[PDB]
């Protein structure tokens, strides 16, 4: 048995600001079995009941929740969600854990596929995050107070005590440098190289209240509330427009950087990878991930094959727009 996965939701009918921390979506504490992970956006949505409070959801539920709760732009939602689902979800049950492994995603897929959730390191989740530490140090998912203290420090140093685009530029680079110096397994290429820039502007574009139209900047109180406690600020109103990675280009421009990693299990040994995706070679990310999916699913048949074909297509519909045109790949043929 299994599920027939629907195509992704489109943009919301209403795209203006609104109160999202409302009576129908109260913060609630974790219960036993509830899953949380490396994403403060999804974490907050689950802890306010925009997602199932147990942190396991369908792609469709994730897309709608990111739109409803934060006005995450539809294409960005599709690109992120099916990326996470293809690599880390259960394609038969159509369920993805926003954190680690759980029976709630249903019967496990055939290895080497895992449905292990967004916590799985090395193809999606990766190094030099803002409030999470690299997997090498033992925990890639929990809030890390030391890293948050650095976030605060950089906000004091470059943003007048607030997180803004200038802070994002400085913090992104400094976090790269931390990982070069301390993590001999540090990788910063392919998916991670791309996602690591967008992630640093989401707090500006999506965590700042939507009633703020000029000089958008995030207070440390609001940052702590979301990044640490998975709680919307009091009276939080979402972005007044669909938004995602606006300004990520400026973050890169502040400290130009090339995909790569520390070679040969050694610190301070960063080598460029000329084959990696980058921001002028985005379709390589698409091809790379399709390749990764084939490694996870070398010979699917039946429902699994069907659901793979559909999810791959759904992802491509977003990638095609977001990346400015990529030739669709059909590793398992057609339906």
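Positions refer to the first chain, counted from 1.
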{"property": "Stretch exceeding the other in mean C-alpha B-factor - 261-269, 200-208", "result": "261-269"}
{"property": "Residue stretch of maximal mean CA temperature factor, 209-217 vs 123-131", "result": "209-217"}
{"property": "Largest Cα B-factor, entry values, listed residues 311, 317, 17, 21", "result": "317"}
{"property": "Per the PDB entry, maximal CA B factor within 35, 62, 39, 277", "result": "277"}
{"property": "Relative C-alpha B-factor of residue 110, binned into the chain's lowest, middle or highest third", "result": "highest"}
{"property": "Assigned third (lowest, middle, highest) for the C-alpha B factor of residue 298", "result": "highest"}
{"property": "Chain-relative CA temperature factor third for residue 244", "result": "lowest"}
{"property": "Position of residue 150 among the chain's modelled residues by C-alpha B-factor, lowest, middle or highest third", "result": "middle"}
{"property": "Among modelled residues of the same chain, the CA temperature factor third for residue 181", "result": "highest"}
